[PDB]
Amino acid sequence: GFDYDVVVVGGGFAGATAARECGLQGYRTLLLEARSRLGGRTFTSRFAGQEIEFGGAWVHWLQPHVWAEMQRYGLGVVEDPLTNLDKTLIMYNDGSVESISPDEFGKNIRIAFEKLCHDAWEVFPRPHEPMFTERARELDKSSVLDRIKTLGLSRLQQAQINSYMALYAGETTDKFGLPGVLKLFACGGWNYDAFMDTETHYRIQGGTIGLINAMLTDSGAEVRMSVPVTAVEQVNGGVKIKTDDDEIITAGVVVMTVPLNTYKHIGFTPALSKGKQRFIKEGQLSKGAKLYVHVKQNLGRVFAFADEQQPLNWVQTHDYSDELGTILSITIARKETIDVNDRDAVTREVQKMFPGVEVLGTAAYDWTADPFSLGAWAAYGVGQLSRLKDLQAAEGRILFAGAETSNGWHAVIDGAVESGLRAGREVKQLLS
């Protein structure tokens, strides 16, 4: 008799949902978390006196799985105001910064987006079966820049949507797969307004950590923190999991939910399938990071795009007041473009967009540097989505979940919740 029935690896949303599924089944469930905190690529902290989100935290009811979880646990929405900006700006790869006044900005970006996903519906009638139509399979041969070039856009709108998709790719759009973007838009209802409503509009009452804690308290599982898994060995119709302090924990099955980019630091015995190995060594493309700045001046509601060779690719105002000053929430698609390491560099680069600003405070998360994320959100490279199956397939008594392994909203929390549900299904399968 092994130590536990099931061992979940990773205290993210995927792992939390899997642990809940298997605990409600009455299995002896243990969850191991490398970091000293739960939530994984979601993390609520505080800066300059207020609550902030260094990772994922915005959800929507058009996302079925996490919304069902919120319903089950009674978690309401918290709406961030995103109405009538005071200044919308677009910075180009050459450093040019032009202030467009909102409505024109918004409608030209709508044009660029809709023409980018012109064939979304036909290519993806079933967003949850990404490669149902094989025309999506053939489009996975293409980049998103490949179609951006063939859509004949404005220079303004080309810059807009290319910075958008560089954010979504955590990379340069030349490496960004096309079918992933099209499928994500499909899941959103093939509609620009509805899909955009699921961007940075609604957060979870009590926070992503609130939902994580609800799921974990419910599951009844044992949660160990600051316990990294370094190796897994399938033996004896079960599995042995090795921690970084060389302790062995036996289980009937293990559900791996740690990000793809980190699989390279876990040794599997015997070796995983060849497609799984290829995926593990490729990983995914996103190299983003989160950054909050706080400057003396009040700049009101503000939004700003920046294309892929500028650093502060996504910028919006978190809060504003004549006395407090201004707080800038910012997402960077690639950490090699700006090192939030440097308050000098952050001040320089934000002054390039809001000339004459006094930087009071800085707070940053470099997800690319974190050993247990080695990247940000899921972002498929060219040709990856079409073989997603290899990453999903269970290998013996080893089950694989995680946002990157989901079929629907792969680039956000919902993908992780769906991963966990599927993992629980497979666990029930192999333990009944």
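Position 1 is the first residue in the sequence shown; the rest follow in order.
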*So which stretch wins on mean C-alpha B-factor, 44-52 or 398-406?*
44-52
*Can you tell me which stretch has the higher mean Cα B-factor, 359-367 or 54-62?*
359-367
*Residue with highest C-alpha B-factor in the PDB entry, from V255, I241, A304, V227*: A304
*Going by the CA temperature factor in the entry, name the top one among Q205, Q284, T217, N93.*
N93
*asked:* Could you place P81 in the lowest, middle or highest third of its chain by Cα temperature factor, using the values in the record?
replied: highest
*Taking the entry's C-alpha B-factors for this chain, is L291 in the lowest, middle or highest third?*
middle
*Ordered by C-alpha B-factor within the chain, which third holds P270? Give me lowest, middle or highest, please.*
middle
*Sort the modelled residues of this chain by their C-alpha B factor and say whether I280 lands in the lowest, middle or highest third.*
middle
*Where does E129 sit by CA temperature factor within its chain: lowest, middle or highest third?*
middle
